[PDB]
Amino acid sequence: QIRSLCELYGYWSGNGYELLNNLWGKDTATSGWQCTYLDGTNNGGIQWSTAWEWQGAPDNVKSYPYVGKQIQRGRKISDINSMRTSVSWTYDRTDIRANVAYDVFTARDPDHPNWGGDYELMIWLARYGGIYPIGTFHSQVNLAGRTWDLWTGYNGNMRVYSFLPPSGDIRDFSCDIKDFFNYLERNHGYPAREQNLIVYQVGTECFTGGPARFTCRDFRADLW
């Protein structure tokens, strides 16, 4: 690896991207740790990985190490035409409580901190070990060439929309996240004209299990 980010909130940035050893829930663990590795910044993308083992509190996320596309504050979702992104990844085992997911926060306050927002949009590419997203099943949705189970609910005051694979995982994926926002704007009253983009990330929420290793063979993200 080029860089080893094994500290709590170990951080790298470059080429318009950032990487964080985001162990935000680790104090709920009874044992374990996690490191995030920058493997490469080849071909306009990021190659990275994270190794971990966690025990305790099986409904509590211990971490969400991520790669993020850096963005300028104050961009209304309605004024973003496209959020084209692709990811290729593997997990070395699936007998773990973990996901792989895109995470996007928006807020009416353009200076909202990066830990949350008024709304959260997740796109899950894996759902291992019997975990659930926030909330309850809403409906099925056709986007990005696939069918999704949309779940909705609240984390505090924040409305969370999670799009899940009905079956299996999706280890090679590409989409335009604006298709997902546009769907929410039309059918869920999502106030895109009032909401500013806060973060634009992909990573893995880790609950329990391991030793496990997530490898992101390639990540790219753009927005116009």
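Numbering starts at 1 and runs along the sequence shown.
Of the two segments examined, 174 to 182 and 57 to 65, it is 57 to 65 that shows the higher average Cα temperature factor in the deposited entry. Stretches 214 to 222 and 2 to 10 differ in mean C-alpha B factor, with the higher average recorded for 2 to 10.
Ranking 86, 106, 94, 99 by Cα temperature factor from the entry places 94 first. Ranking 187, 43, 47, 50 by Cα temperature factor from the entry places 43 first. Per-chain ranking of the deposited C-alpha B factor places residue 124 in the lowest third.
Among the modelled residues of the chain, residue 200 sits in the lowest third by CA temperature factor in this PDB entry. In this PDB entry, the Cα temperature factor of residue 154 sits in the top third of its chain's modelled residues, the highest group. Residue-level temperature factors show residue 160 in the lowest third of its chain, judged at the C-alpha atom.
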